[PDB]
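First up is the structure itself, then whatever we jot down about it.
Side-chain atoms are counted along with the backbone in the values below, which use heavy atoms only and exclude waters and symmetry mates. Reminder, nothing fancy here: chain letters follow the sequence lines and each chain counts from 1.
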Amino acid sequence: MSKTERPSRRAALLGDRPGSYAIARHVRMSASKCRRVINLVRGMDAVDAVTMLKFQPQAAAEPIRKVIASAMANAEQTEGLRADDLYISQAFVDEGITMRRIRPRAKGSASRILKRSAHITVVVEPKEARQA
Amino acid sequence: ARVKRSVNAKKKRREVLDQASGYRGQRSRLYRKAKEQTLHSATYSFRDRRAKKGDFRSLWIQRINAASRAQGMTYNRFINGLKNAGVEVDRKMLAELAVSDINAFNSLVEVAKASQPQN
Amino acid sequence: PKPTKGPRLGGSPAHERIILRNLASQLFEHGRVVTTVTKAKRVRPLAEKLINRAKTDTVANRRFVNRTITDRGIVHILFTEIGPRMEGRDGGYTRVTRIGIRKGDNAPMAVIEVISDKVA
Amino acid sequence: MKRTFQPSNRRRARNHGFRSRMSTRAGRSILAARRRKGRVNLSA
Amino acid sequence: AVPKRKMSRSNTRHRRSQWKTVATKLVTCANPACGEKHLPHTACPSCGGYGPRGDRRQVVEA
RNA sequence: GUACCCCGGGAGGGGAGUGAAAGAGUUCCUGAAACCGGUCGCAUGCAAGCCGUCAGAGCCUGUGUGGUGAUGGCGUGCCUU
RNA sequence: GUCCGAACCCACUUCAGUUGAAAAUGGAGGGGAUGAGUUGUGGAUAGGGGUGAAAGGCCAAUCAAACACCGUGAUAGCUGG
RNA sequence: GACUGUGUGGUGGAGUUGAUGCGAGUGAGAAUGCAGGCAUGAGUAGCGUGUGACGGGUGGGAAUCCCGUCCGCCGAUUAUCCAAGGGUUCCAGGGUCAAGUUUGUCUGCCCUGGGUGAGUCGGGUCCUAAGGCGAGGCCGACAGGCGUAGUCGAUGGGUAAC
Ligand SMILES: [Mg+2]
Ligand SMILES: [Mg+2]
Ligand SMILES: [Mg+2]
Ligand SMILES: [Mg+2]
Ligand SMILES: [Mg+2]
Ligand SMILES: [Mg+2]
Ligand SMILES: [Mg+2]
Ligand SMILES: [Mg+2]
Ligand SMILES: [Mg+2]
Ligand SMILES: [Mg+2]
Ligand SMILES: [Mg+2]
Ligand SMILES: [Mg+2]
Ligand SMILES: [Mg+2]
Ligand SMILES: [Mg+2]
Ligand SMILES: [Mg+2]
Ligand SMILES: [Mg+2]
Ligand SMILES: [Mg+2]
Ligand SMILES: [Mg+2]
Ligand SMILES: [Mg+2]
Ligand SMILES: [Mg+2]
Ligand SMILES: [Mg+2]
Ligand SMILES: [Mg+2]
Ligand SMILES: [Mg+2]
Ligand SMILES: [Mg+2]
Ligand SMILES: [Mg+2]
Ligand SMILES: [Mg+2]
Ligand SMILES: [Mg+2]
Ligand SMILES: [Mg+2]
Ligand SMILES: [Mg+2]
Ligand SMILES: [Mg+2]
Ligand SMILES: [Mg+2]
Ligand SMILES: [Mg+2]
Ligand SMILES: [Mg+2]
Ligand SMILES: [Mg+2]
Ligand SMILES: [Mg+2]
Ligand SMILES: [Mg+2]
Ligand SMILES: [Mg+2]
Ligand SMILES: [Mg+2]
Ligand SMILES: [Mg+2]
Ligand SMILES: [Mg+2]
Ligand SMILES: [Mg+2]
Ligand SMILES: [Mg+2]
Ligand SMILES: [Mg+2]
Ligand SMILES: [Mg+2]
Ligand SMILES: [Mg+2]
Ligand SMILES: [Mg+2]
Ligand SMILES: [Mg+2]
Ligand SMILES: [Mg+2]
Ligand SMILES: [Mg+2]
Ligand SMILES: [Mg+2]
Ligand SMILES: [Mg+2]
Ligand SMILES: [Mg+2]
Ligand SMILES: [Zn+2]
């Protein structure tokens, strides 16, 4: 029966632990193509991650880098943490709204095209939490 | 009085998906595929609850054979000796004796040896 | 110089010849040029051949260089500035340095540039 | 190639136009049926 | 040819997990005044320079 | 119908406000399944598997029952016709 | 209703295409090319009817009887559920 | 047994339980069933004939926008202007969700405002062809068919500017 301690993203992802997070919803790119870079960036130091993503050749690097920077700023503002002692504790990509489109083909047929989208979530905590 | 099927329909689906909650692939995710395996699961369980008697009797008989052959007596002669001596301890208690109380099993082996027809 | 072994730039060997000649001309015009890794590394031998031919200034040599390039202004630049700049250099008149990649197509980019400082 | 529809406004108006439909009793009944259905385009 | 049957989750994931990329390595700029990370054998995008602490020739005007 | 502040070109998010409720934020009541993921436990790289079933060690858990399952036996889908 | 040959009209061979660039085309050749030629605009002929240098050809991308609606929820000793 | 607890939580926010009757659009896994959503193949095939290079600019972001210079291509047409058809796509400014087979700061896209001036040009106000309609009329059970006098109908005639 609805009441107090209502669920929240911070409670689910951190749960009274120090740190912050950031979500980029409706990123106009495929979830799998975002995961291809999320898998690399997960678990790294935040500054190292953003510096690397400035050089990562995939197009998914830019949105993920911006999300990590936003999470870093949120942590620095709401918990007094510094950017250089944060590490990416969690990182995942869920699927967002997909648009159906039509590509005409030979002999009057029409083939379905799926324009996919992704939600990117990054959770950054102080590096001292790594061995906790 | 139009009736919507969903509230009544989901009950058997929840039952079957619960019954199939360790299966691999579609068999634990999809109701239709889980339903087919639950039929096979029920048939196998019924068959195996009756084959279990024979499986455990075979295990007991093998253990009794090993324990009695350790005393220089085959299983058939051992069982015939017990039957003639009139000791109705069954394959199960005999196997438990063989594993646990080897001295009591050996005493029973001596009883069977003495009760042999010697012919 | 040595041919390109594999498939040619620009979808045709004739277009590759045109591309390499124009790229060498633009290199001589501007001193340096950002022209991706393969184009720079393929234009380097031709550009150094041309610079070496221009190191000694005769009318016949200027005509032979004008066989390539074909912009007499660039020929004048090559025979007046680039040429005398390499009086003591025994080859190696150009250098190539990687820059990064292009966002659009991930082409590895590099700048090729004529040596500026005097060897002496 | 050359497809079935080759537009011609004059031919279209002569064929399926309002006056063409009104000329014959079949066309008038067609206009009445389209009015009953509620078409915004009674004719071409 | 056409796929005869829908591939299982295990096999689909076995094949799909191999579609990945390696992380770009990055190296610290030799220029003490820059100290930034750049690609190996590549001019530093920040300082626009190349070479060891000594040489340090400008490559990119940035 | 989210003032103001922060990261961001934006989109989006993080604080804060409004509200009984914002994980009711306009794609907005409730929010199921297929489907896609993060984390944790166990198993798995000498193995021939209608994918289950019976026997069963070990590990995890003990919220002292549950999760997992090495290994042995047995075992050729559903419907229609 | 001559000859060679562009435009133009055609569609003989071959290769490619054949989830095509294209629900009939493209490349290379090929036939006619002052004539029973070709083409623009408008018009006429309508379904047991049209038209046909005749192939049952064509009549709005499937014509041994067009398409649409209606009789109509046609009927089916058959197949499926 | 179909199923279920008057056990205990979570979510949720306005109805509904038991007894006993009454009435059913009362139960789905199959119909190459219907609608929607989503997997599989797969980050695979394809991205529709081709030649682009470079310097500079703009920008959060540039192979794909702007400017310039080289270079290449078409040229009985890759030029220019009409008819048919389309209908605001034209111009200027703002924009980058969508659309564009990639990117995009760009657009034939979106938004806002603006833009088409004729005594002579092309049509009507003039003329008729094919053909259509057709006062009376003749024909036909009805419905209708045909047609006179007429009246329309360009693809033609007539008609004054460079
Ligand atoms: Mg409840
Ligand atoms: Mg088509
Ligand atoms: Mg034996
Ligand atoms: Mg060779
Ligand atoms: Mg290529
Ligand atoms: Mg040539
Ligand atoms: Mg048509
Ligand atoms: Mg395999
Ligand atoms: Mg309340
Ligand atoms: Mg809720
Ligand atoms: Mg929704
Ligand atoms: Mg909701
Ligand atoms: Mg092993
Ligand atoms: Mg075998
Ligand atoms: Mg002739
Ligand atoms: Mg023509
Ligand atoms: Mg033929
Ligand atoms: Mg063929
Ligand atoms: Mg002839
Ligand atoms: Mg007509
Ligand atoms: Mg015949
Ligand atoms: Mg036809
Ligand atoms: Mg018939
Ligand atoms: Mg009837
Ligand atoms: Mg029937
Ligand atoms: Mg059949
Ligand atoms: Mg009742
Ligand atoms: Mg029903
Ligand atoms: Mg169903
Ligand atoms: Mg469907
Ligand atoms: Mg897929
Ligand atoms: Mg690949
Ligand atoms: Mg394949
Ligand atoms: Mg392939
Ligand atoms: Mg390919
Ligand atoms: Mg092309
Ligand atoms: Mg291009
Ligand atoms: Mg230009
Ligand atoms: Mg030319
Ligand atoms: Mg000429
Ligand atoms: Mg107009
Ligand atoms: Mg407009
Ligand atoms: Mg428009
Ligand atoms: Mg415009
Ligand atoms: Mg795009
Ligand atoms: Mg624009
Ligand atoms: Mg504009
Ligand atoms: Mg008049
Ligand atoms: Mg007349
Ligand atoms: Mg009359
Ligand atoms: Mg008149
Ligand atoms: Mg007139
Ligand atoms: Zn540097």
Determine whether a donor-acceptor pair (one donor, one acceptor, N or O, separation below 3.5 Å) exists between the side chain of [X] and the base of [N].
| X | N | result |
| --- | --- | --- |
| A:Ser32 | H:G43 | yes |
| A:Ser30 | H:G43 | yes |
| A:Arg42 | F:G38 | no |
| A:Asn74 | F:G13 | yes |
| B:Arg47 | F:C54 | no |
| B:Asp48 | F:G73 | yes |
| A:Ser2 | H:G13 | yes |
| B:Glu36 | H:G29 | yes |
| A:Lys33 | H:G43 | no |
| A:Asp94 | F:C36 | no |

Nearest-Å distance for atom pair [atom1]/[atom2], residues [X] and [N]:
| X | N | atom1 | atom2 | result |
| --- | --- | --- | --- | --- |
| A:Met72 | F:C7 | CE | P | 13 Å |
| B:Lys4 | F:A32 | NZ | P | 17 Å |
| A:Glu5 | H:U11 | CD | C1' | 13 Å |
| A:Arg103 | H:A99 | CZ | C1' | 15 Å |

Determine, for [X] against [Y], whether the closest basic-nitrogen to carboxylate-oxygen distance falls under 4.0 angstrom.
| X | Y | answer |
| --- | --- | --- |
| B:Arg63 | B:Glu96 | no |
| C:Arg102 | C:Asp105 | yes |
| B:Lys33 | B:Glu36 | no |

Within less than 4.0 Å of OP1 or OP2 of [N], is there a side-chain N or O belonging to [X]?
| X | N | result |
| --- | --- | --- |
| A:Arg100 | H:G37 | yes |
| D:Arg11 | G:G43 | yes |
| B:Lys11 | H:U4 | yes |
| C:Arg21 | H:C70 | no |
| E:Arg9 | F:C36 | yes |

With both distances under 3.5 Å required, do [N] and [M] pair Watson-Crick or G-U wobble?
| N | M | result |
| --- | --- | --- |
| G:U51 | G:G57 | yes |
| H:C139 | H:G144 | yes |
| H:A19 | H:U8 | no |
| H:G60 | H:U120 | no |

ask   = Taking a pair as Watson-Crick or G-U wobble with both distances under 3.5 Å, which nucleotide is matched to G:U25?
value =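 G:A16 - that is the nucleotide pairing with G:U25, both distances being under 3.5 Å.
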Which donor-acceptor pairs under 3.5 Å do the side chains of residues 37-44 of chain D make with protein atoms, sequence neighbours left out?
{"unit_1": "D:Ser43", "atom_1": "OG", "unit_2": "D:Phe18", "atom_2": "N", "d": "3.3"}

